[PDB]
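Here's the letter readout for the chains.
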Amino acid sequence: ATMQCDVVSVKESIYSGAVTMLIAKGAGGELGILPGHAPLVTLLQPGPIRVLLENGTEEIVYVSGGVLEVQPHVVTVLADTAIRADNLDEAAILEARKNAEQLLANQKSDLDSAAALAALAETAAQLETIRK
Amino acid sequence: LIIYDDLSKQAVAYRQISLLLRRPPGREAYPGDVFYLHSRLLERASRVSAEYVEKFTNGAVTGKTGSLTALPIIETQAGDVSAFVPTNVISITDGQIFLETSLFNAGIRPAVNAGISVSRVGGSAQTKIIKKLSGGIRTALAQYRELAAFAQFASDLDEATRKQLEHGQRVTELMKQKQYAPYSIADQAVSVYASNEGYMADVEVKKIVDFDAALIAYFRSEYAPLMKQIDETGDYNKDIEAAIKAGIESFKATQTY
Amino acid sequence: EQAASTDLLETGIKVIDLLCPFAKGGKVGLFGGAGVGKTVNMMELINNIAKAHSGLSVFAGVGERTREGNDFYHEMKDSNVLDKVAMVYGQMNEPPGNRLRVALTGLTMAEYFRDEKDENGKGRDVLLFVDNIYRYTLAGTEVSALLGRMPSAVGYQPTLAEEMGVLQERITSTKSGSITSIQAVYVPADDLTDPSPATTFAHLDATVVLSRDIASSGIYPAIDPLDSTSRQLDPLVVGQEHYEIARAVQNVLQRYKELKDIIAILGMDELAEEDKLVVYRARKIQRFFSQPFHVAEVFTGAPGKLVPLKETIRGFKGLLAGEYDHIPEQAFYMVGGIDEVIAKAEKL
Amino acid sequence: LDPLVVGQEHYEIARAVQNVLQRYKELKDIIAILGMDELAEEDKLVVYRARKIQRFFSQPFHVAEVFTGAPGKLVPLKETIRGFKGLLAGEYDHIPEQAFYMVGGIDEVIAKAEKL
Amino acid sequence: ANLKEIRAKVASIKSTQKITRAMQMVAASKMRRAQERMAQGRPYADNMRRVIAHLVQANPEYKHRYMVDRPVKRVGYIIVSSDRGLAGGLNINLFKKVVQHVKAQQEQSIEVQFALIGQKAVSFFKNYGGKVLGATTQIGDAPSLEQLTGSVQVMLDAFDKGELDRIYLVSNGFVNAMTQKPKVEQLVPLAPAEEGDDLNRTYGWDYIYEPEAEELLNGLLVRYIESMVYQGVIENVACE
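Residues numbered from 1 in each chain as written, not as in the entry; some residues may be left out. Chains lettered and ligands numbered in written order. Part of a larger assembly, values for the part shown. Heavy atoms only, no water.

As documented in the archive entry, the model was determined using cryo-EM at 2.99 Å resolution.

So, in structure tokens, the structure goes:
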């Protein structure tokens, strides 16, 4: 019986009820009840982490990237609500350079680097806010 | 049955005659007794008992009653129903049918305002089939009146309320008709049964009138004997319900509007 | 001549005796049109007054429709209530001089019924129904116009208040007996500022508002439990316990009214225990307000219940406390008193 | 104005025009209290078509040239029907409403819009 | 002041009140839905705090790249706003406060950059001009995390390239139903920490961290920073 097992990729979490033995996909040889100390933290394969709950009960364990930190009386897993990627910056720049530029249009053509420009005009927007 | 095309012009003529007699004036120049003028006329539309008929005819007619129906018409200025004569006449009748200028321009041809229109006699003046089938119209229209303002944002509403709104829209469109083309009891019953049972949830809102006209036309050429039984008798029986259902199913199966 | 201390008249109806208690010698305003069983309530009051207080009743119609009068007469004959009531009709097709002086004709009969001494005195308690006093004021206005009196303020007889004091004052609780009165009131143009309703409301002691919504709901009577008021619902005259019981049921109903829009638009799927409990208690109270009458026994086949006030107070206290949080809500429909509810519940 | 007298197309055109204008007559208060953006697109179309229709019913007269100084115009019935049928259909939805003023016939609308 | 126009105006105001009340109850329903949503995000928040405490206790002896401190030079910010209007003016209040802060920075001889997430922010700031690296809009209520990783990642890259020295969150934190405070709070503090407890009872053995001896920290902190930027996003959704 494991003390507790939780995964937190979204506003809610998936809890495990008294895991009778701690088996996980990509176990690494330290699978089982608390060893007195965890060996390490590892990037578990996005393959779903097969885990048998109390009395060897299997549950839907589909993972999209699993980081597991077992501990004496503590088992915590960090997982992805979505497919996991390492340095996904290339798609980030792809999205940024295509959506903003299309959205901005003249806003990007202007690209007025000045920030404290026409501060009285921002105060004019403020006075409009003052207007009913 | 008697119909007075306008009682407002009669009131104006009475006012003119009285003012020429210099009788004491009043609100809007009307004389002292304007309520009596229309009350004594509109109280003569009544149903008499068989005993009264027998006494009047000295026995020449037995076991028969009589009935006079009245439909006065009154014109109001700019929508003001609080004027003198309209308020005098509203309190006398047993009901009121309200026609709105905005509804007329909006496309509602018979242009009745169901919200304020009332009938004191109620369901006591209907055939059995009409009285049985009438409730699903009032329920739907009341629900649509309550939920009308939610048209813009409807996805957030649950499915039941959306279905009620769609049914209200379809019913409100079915209520349209054409002048010089009165419907019969059988057509009204068939249309109301098709509406209540939900066979027109499939159809588009815009094409309600065409579907209704085509369905009525098919029945009067295919199920005319059933219609004859409904028209003469008017009684609603399990067999009549089954026949109506089967006919509507056949029309929906094989026809193109 | 008349000495009175506030003394409630017990009709036997639950909602009225709880939220809008009457008073021997009071005047009551009835609000609502047709389709809500107004005549049924009037018949029930006529029957109950004679059943409990040995009191006869008088009916006076001011400008009544002939068809409605015929229906009322035939239905009262059918319900075996006509033996205890008198009738005076004033029809629309008559000149205004007739529809004006008919309330006095009914009042004379009611006053005579009051002053008939029983053995060991004790007079009698009698009632008086006036079909519509708005038409009484209009009859006065038309008569004044006919005689040529100059118009007052906004198209109303120079002499309007004096006349309504002549009528309404005579309905009082004297030493040897009492006369109450139930009157239906029409508000012209939805204007309480209009002189006629303003002159009317200065004499009323209670207002009963009949709602079409509750009638459509299927609970009869449909008397509104949030818009009806009284001048006897104070901690002094009616007793403290009654006062806070009525106040508690009123704000519970108020909360339910404020919440029913949300409960009807987006359903009950929201998660909040407290308002759900408020909803259930409101529904139980709404059903409990209904009761069967002795006028419909003939057409219904079920007997009536003249529930005493104490049982209503005790049952409402128990319902508010939370003791009857297990009884199904269907066990309160048309169930008379409090205990009956329990058996009805144990029957299920 | 009866389907038996004027015909069938004329009646539908007139009713659709009156319906559009009546619908636009009731959307002013909502635009005021809440932004124009708030109303759905099915009402943006009605508002814009109502404005275009309100200006397209304008034409210059032969008699009243002393006031404005613009030459007079005359339009036959069939041109009116054709133009309004095209307008209610959603065509001419890209032409600015400033080209429907004292322009008379549709082809003149097209030319005046081109000049702008 | 004729009676006809008064009557028409009363009718129209009654109708408009109907629509505005419908809007009010829809907003109230989504308001309860948000109250729950955040109520669910609060445990997401404290377990983010738990995991970052875990990592900072797991290896505070080494030094992270984010730890480096250099003088301020062209610091850019992150701004978030709404899609539709009728927001009561909290967006404008946020814009006023952030423009005052960036103008103070300009007077300190440092120019600023920013990213825009709300449609109103895009329309307003760019109408008066500005400096932006990336932006997005129409993400909708409760949007996917992958939708908005672009802005945070591009600004983290800009900091990596050395042009960007610091970034602070700019949003409206929830206080009460009616009280919303514009907040300009830093977001990349070099991730400092200091724990004087839980080392006695545990963490003496720590771990071999075979997969990543020191590499994992940066991934944990990028997940962390996207976590509170998502928290601020849902927060501003709730208060709007």
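A. How the structure looks around the overall build of chain E. Looking only at helices and strands, one finds 5 helices and 5 strands in chain E. Shown N-terminal to C-terminal, the secondary structure of chain E runs as helices and strands in the order α-β-α-β-α-β-α-β-β-α. Since a compact globule built from 240 residues should have a radius of gyration of about 18 Å, the 22 Å found for chain E marks it as more spread out than a globular shape. The principal-axis extents of the C-alpha atoms in chain E amount to approximately 85 × 45 × 30 Å. Put simply, chain E has 240 residues, and 44% of those count as buried. Across chain E, the 31 positively charged side chains and the 27 negatively charged ones have centroids separated by 16 Å. (Helix = DSSP H or I, 4+ residues; strand = E, 2+ residues; numbered from the N terminus. Rg over C-alpha atoms; globule rule 2.2 N^0.38 Å. Buried < 20%, exposed > 50% of the residue type's maximum accessible area, 1.4 Å probe, protein only. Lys, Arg positive; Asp, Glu negative; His and termini not counted. Charge placed at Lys NZ, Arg CZ, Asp CG, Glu CD.)

B. Fine view of the side chain of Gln57(E). Mapped onto the elements of the fold, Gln57(E) is located in helix 1 (residues 3–58). Not counting residues within four places of it along the chain, the set of residues in contact with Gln57(E) comprises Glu195(E), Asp197(E), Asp198(E), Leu199(E), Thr202(E), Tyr203(E) and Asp206(E). (Contact = heavy atoms within 4.5 Å.)

C. Representation of unusual backbone geometry within the structure. Geometrically, the link from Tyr220(C) to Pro221(C) is a cis peptide bond, its omega value of 10° lying close to zero. Of note, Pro221(C) is situated in the loop between helix 9 (212–217) and strand 8 (229–230). A positive phi angle, close to 60°, is found at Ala78(B), a residue other than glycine. Along the polypeptide, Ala78(B) turns up in the loop between strand 4 (70–72) and helix 4 (84–90).

D. Region of the structure containing the pairing of strand 4 (residues 125–130) of chain C. Residue and element names in this part refer to chain C. Counted residue by residue, strand 4 has 6 buried out of 6 residues, so it is predominantly covered. In strand 4, alternate side chains face the same way, and those of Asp125, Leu127 and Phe129 on one face and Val126, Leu128 and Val130 on the other are all buried. One ladder, built from 4 bridges, connects strand 2 (residues 57–60) with strand 4; its direction is parallel. Looking at strand 4, one finds that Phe59 is bridged to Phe129. (Pairing = 2+ DSSP bridges.)

E. Representation of the domain arrangement of chain C within the structure. Residue and element names in this part refer to chain C. In terms of domains, chain C is made up of domain 1 (1–232) and domain 2 (233–348). Each of domain 1 and domain 2 has a C-alpha centre, and the two are 29 Å apart. Contacts between the two partners involve 32 residues from domain 1, matched on the other side by 33 residues from domain 2. Together domain 1 and domain 2 conceal approximately 2800 Å² of surface at their shared face, both sides included; 66% is due to carbon and sulfur atoms. On the domain 1 side of the interface with domain 2, the three residues burying the most area are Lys14, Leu18 and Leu226, jointly 28% of the side's total. Linking domain 1 to domain 2 there are 0 salt bridges. There are 11 residue pairs in polar contact connecting domain 1 and domain 2. Taken together, the elements giving at least two residues each to the side of domain 1 that touches domain 2 come down to helix 1 (14–19) and helix 2 (38–53). Ranked by residue count, the leading element in the side of domain 1 that touches domain 2 is helix 2, at 8 residues. When grouped by side-chain class, the residues that make up the side of domain 1 that touches domain 2 number 14 nonpolar, 12 polar and 6 charged. (Domains from an automatic or database assignment. Buried area = accessible area lost by both parts, 1.4 Å probe. Salt bridge = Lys/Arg side-chain N within 4 Å of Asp/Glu carboxyl O. Polar contact = N/O pair within 3.5 Å; in protein donor to acceptor, adjacent residues only side chain to side chain. Nonpolar A, V, L, I, M, F, W, Y, C, P; charged D, E, K, R; others polar.)

F. A look at the pattern of salt bridges. Enumeration over the complete set of coordinates arrives at 43 salt bridges over all chains. Among the ionic pairs, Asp43(D) bridges to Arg23(D), the shortest N-O distance being 2.9 Å. With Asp43(D) in helix 3 (residues 41–56) and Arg23(D) in helix 1 (residues 9–24), the pair connects residues that are 20 residues apart, well separated along the chain. Linking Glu97(D) and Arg51(D) is a salt bridge whose minimum nitrogen-to-oxygen distance equals 3.1 Å. Note that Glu97(D) is positioned in the loop between helix 5 (77–88) and helix 6 (106–115) and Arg51(D) in helix 3, a separation of 46 residues in sequence. Three or more residues joined by partner-sharing salt bridges are found here, namely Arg120(B), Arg67(C), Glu68(C) and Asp71(C).

G. Representation of the packing of helix 9 (residues 185–197) of chain B against helix 11 (residues 224–232) of chain B within the structure. Residue and element names in this part refer to chain B. Their axes nearest at 8 Å, the elements helix 9 and helix 11 cross at an angle of 105°. Between helix 9 and helix 11, the angle is such that the two are roughly perpendicular. Residues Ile185, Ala186, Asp187 and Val190 of helix 9 lie in contact with helix 11, whose contacting residues are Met227, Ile230 and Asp231. (Axes fitted to C-alpha atoms, helices over the stretch in contact; angles between N-to-C directions. Parallel < 35°, antiparallel > 145°, perpendicular 65-115°, else oblique.)

H. Representation of the UniProt feature "binding site: ATP" (unreviewed entry) in chain C within the structure. UniProt feature "binding site: ATP" (unreviewed entry): in the numbering of this structure it lies at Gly32(C), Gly33(C), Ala34(C), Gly35(C), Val36(C), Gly37(C), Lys38(C) and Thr39(C). Following the sequence through the fold, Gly33(C) ends up in the loop between strand 1 (27–31) and helix 2. Among the residues examined, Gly33(C) registers a relative accessible area of 37% and is labelled partly exposed. Discounting residues that sit within four places of it in the chain, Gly33(C) has contacts with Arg120(B) and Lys38(C). (UniProt positions renumbered as here; feature names shortened; annotations may be inferred.)

I. Layout of the nonpolar core. Membership of the largest hydrophobic core comes to 55 residues, with the highest contact counts inside it found for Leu18(C), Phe129(C), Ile285(C), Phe289(C) and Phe316(C). Shared between two domains, this core takes at least three residues from each, and those domains are domain 1 (1–232) and domain 2 (233–348) of chain C. In this structure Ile285(C) touches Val249(C), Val252(C), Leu253(C), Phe316(C) and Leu319(C), once residues within four positions along its chain are discounted. If you look at the next biggest cluster of nonpolar residues, it comprises 50 residues, including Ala38(A), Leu53(A), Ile93(A) and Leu55(E). (Core = buried A, V, L, I, M, F, W, Y, C linked by side-chain atoms within 4.5 Å.)

J. Local environment of the interface of chain E and chain A. With 47 residues of chain E at the contact, the number on the chain A side is 45 residues. Together, the buried faces of chain E and chain A total about 4000 Å²; carbon and sulfur atoms form 63% of this surface. Taken as a group, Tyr128(E), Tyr207(E) and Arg223(E) account for 15% of the area that chain E buries against chain A, more than any other trio of residues on that side. Taken together, chain E and chain A are joined by 1 salt bridge.

K. View of helix 5 of chain D. Residues and elements named next belong to chain D. Over its 12 residues, helix 5 extends 17 Å from the first C-alpha to the last, a length consistent with the 16 Å expected when each residue adds 1.5 Å. Taken as a whole, helix 5 has its buried residues at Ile81, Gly83, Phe84, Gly86 and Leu87. The inward-facing, buried residues of helix 5 contact helix 1 and helix 3. Remark: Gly90 follows helix 5 within two positions and exhibits a positive phi of approximately 100°. (Expected span 1.5 Å × (residues − 1).)

L. Structural context of the sheet that holds strand 3 (residues 132–135) of chain E. Residues and elements named next belong to chain E. With mixed pairing, 5 strands are arranged side by side in an open sheet as 3-2-1-4-5. Each edge of the open sheet is held by one strand with a lone partner, namely strand 3 and strand 5 (180–186). Within the sheet, the average angular offset between the axes of one strand and its neighbour, ignoring direction, is 20°. Summarising the sheet, strand 4 (residues 168–174) and strand 5 pair through 7 bridges and their orientation is antiparallel.

M. Region of the structure containing helix 10 (residues 208–222) of chain B. Residues and elements named next belong to chain B. Spanning 15 residues, helix 10 covers 21 Å between terminal C-alpha atoms, matching the ideal 21 Å at 1.5 Å per step. Residues of helix 10 that are buried: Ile208, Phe211, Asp212, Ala214, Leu215, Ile216, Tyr218 and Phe219. Buried-residue contacts for helix 10 involve helix 8 (159–174), helix 9, helix 11 and helix 12 (238–253).

N. Structural view of the packing of helix 11 of chain B against helix 12 of chain B. Residues and elements named next belong to chain B. Close contact between helix 11 and helix 12 brings their axes to 11 Å; oriented N to C, the two are set at 140°. Relative to helix 12, the element helix 11 is oriented oblique. Handedness of the helix 11/helix 12 crossing: left-handed. From helix 11, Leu226, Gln229 and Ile230 reach across to helix 12, where they touch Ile240, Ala243 and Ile244. Tallied by class, residues from the contact of helix 11 with helix 12 come to 5 nonpolar, 1 polar and no charged. (Left-handed = near helix turned anticlockwise from the far one by under 90°.)

O. A nonpolar patch on the surface, seen in detail. Residues and elements named next belong to chain B. A contiguous nonpolar surface patch, about 410 Å² in accessible area, is contributed by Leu1, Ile3, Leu71 and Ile73. Counting through the fold element by element, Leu71 comes out in strand 4. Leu71 sits in the partly exposed class, given a relative accessible area of 43%. (Patch = residues over 30% accessible without salt bridge, like charges linked within 9 Å, V, L, I, M, F, W, Y side chains within 5 Å. Areas by Shrake-Rupley, 256 points an atom, 1.4 Å probe, with all protein chains shown as cover.)

P. Just the environment of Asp2(D), in detail. Residues and elements named next belong to chain D. Counting through the fold element by element, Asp2 comes out in the segment before helix 1. As for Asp2 and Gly86, which are separated by 84 residues in sequence, their C-alpha atoms are 22 Å apart. Apart from the residues within four sequence positions on either side, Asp2 is in contact with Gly7 and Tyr11.

Q. A look at the side chain of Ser290(C). Following the sequence through the fold, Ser290(C) ends up in the loop between helix 11 (273–288) and helix 12 (297–300). At a separation of 3.2 Å, a polar atom in the side chain of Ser290(C) contacts the main-chain amide nitrogen of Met334(C).

R. Structural view of the interface of chain E and chain D. Contacts between the two partners involve 7 residues from chain E and, on the opposite side, 4 residues from chain D. Surface buried jointly by chain E and chain D totals about 550 Å² across both partners, of which 69% is contributed by carbon and sulfur atoms. Interface area lost by chain E to chain D is led by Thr16(E), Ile19(E) and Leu86(E), which between them contribute 51%. Scanning the region where chain E abuts chain D turns up 1 salt bridge. Of the charged contacts, one joins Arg84(E) and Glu38(D) as a salt bridge, the two residues approaching to 2.7 Å between their closest N and O atoms. By residue class, the composition of the side of chain E that touches chain D is 3 nonpolar, 3 polar and 1 charged.

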